[PDB]
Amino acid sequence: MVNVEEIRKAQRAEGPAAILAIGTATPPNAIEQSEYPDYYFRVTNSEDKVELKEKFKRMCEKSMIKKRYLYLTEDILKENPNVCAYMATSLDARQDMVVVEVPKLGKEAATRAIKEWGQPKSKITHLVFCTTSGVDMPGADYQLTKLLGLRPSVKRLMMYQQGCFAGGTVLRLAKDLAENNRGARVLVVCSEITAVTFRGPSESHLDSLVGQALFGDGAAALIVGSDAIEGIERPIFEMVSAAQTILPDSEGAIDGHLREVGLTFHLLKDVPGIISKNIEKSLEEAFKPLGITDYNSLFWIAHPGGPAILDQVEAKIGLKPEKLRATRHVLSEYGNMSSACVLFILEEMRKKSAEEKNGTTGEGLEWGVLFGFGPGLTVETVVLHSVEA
């Protein structure tokens, strides 16, 4: 009767997966980085710590961040004083905020992506939801499904407690979902809210302090699919390959623990040095098979974990000073939004390329690379193809 070989050929999709739409959203309130050290040491009641404040001023001035959007307001902090301490029990209060706000912000981003896409919500077949802020059952994927009114039977993948590399991961995931399933349209959402990590300062833990200087909130959403319907859907970027690796002997370079005091962060040794030392190996594995050896001929998307990472990668690889313009722009305007960052950078890049009338969505270039960096020292490497503009 029926053969699994024929079933398999019919159920799989045809060509490479493409990003068909992008949307972004942030909390309403942006705080200027120039103002943040005064603000932070005030609402954490740490004005006594003059030495520490001077270090944090340097951190914020060095961050190359102009502003960040933050769900956490002074009013919310007044209501939650255990969140303001370096270490006070506050996991429940932080969860109460984030289990609601993460899918809410994610919905805002998704609605925008779906608007650009222009297709009925009912055509979405898959949902990949990613966050590093909070956990619950059922998860944020379920909540977003309900908020948006997606079909029941949407195939969901809930990616919790992922960390900063996961912008690459959700792309790796959506690629396989879209390419292996003929009519698949994958909604991808990364939604990040720093209420789970915000805390007061400790002179014993300066690395936690740098986190307070860098992390901001935001959500990004994509529609990903193979075999775009002509005249109706329009690819923006196509995916070619997606890799992931653990950088050698980088054990506790970036750690995060979910405790009674919320999510703690540890950031040790030469994270910028570790990434810079190793990144060319990931470049070569990705591009040597394509016959590409000049990395300046690529359009670049890198997770802006901090400006020192970008600077040292640029110096190591010998990138022209403007290659990381898009990445530095979202670092400047949004700060480090963990997993969502890299997707904001894709949006920045295709918008700027259009306004500057480059020939393609990737700054006029054909091939590009997207990097996520995060705990494990994990690096995600996605090879992208631009589309003619």
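In case it trips you up, residue 1 is the first one in the sequence shown, and so on.
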**Asked** Looking at the deposited entry, does 162-170 or 79-87 carry the larger mean Cα B-factor?
**Response** 79-87
**Request:** Would you mind comparing 264-272 and 240-248 for me and telling me which has the higher average C-alpha temperature factor in the entry?
**Result:** 264-272
**Asked** Highest Cα B-factor in the PDB entry belongs to which of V128, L105, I223, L310?
**Response** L310
**Request:** From the list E47, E32, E333, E348, select the residue with the highest C-alpha B factor recorded in the entry.
**Result:** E47
**Request:** Sort the modelled residues of this chain by their C-alpha B factor and say whether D92 lands in the lowest, middle or highest third.
**Result:** highest
**Message:** By the recorded C-alpha temperature factor, relative to the other modelled residues in its chain, which third is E179 in?
**Reply:** lowest
**Message:** Looking at the temperature factor on the CA atom of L187, which third of the chain's modelled residues does it land in?
**Reply:** lowest
**Message:** Quick check for you: using the entry's CA B-factors within this chain, is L370 in the lowest, middle or highest third?
**Reply:** lowest
**Complete:** On the chain's distribution of Cα B-factors, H257 falls within the third called lowest
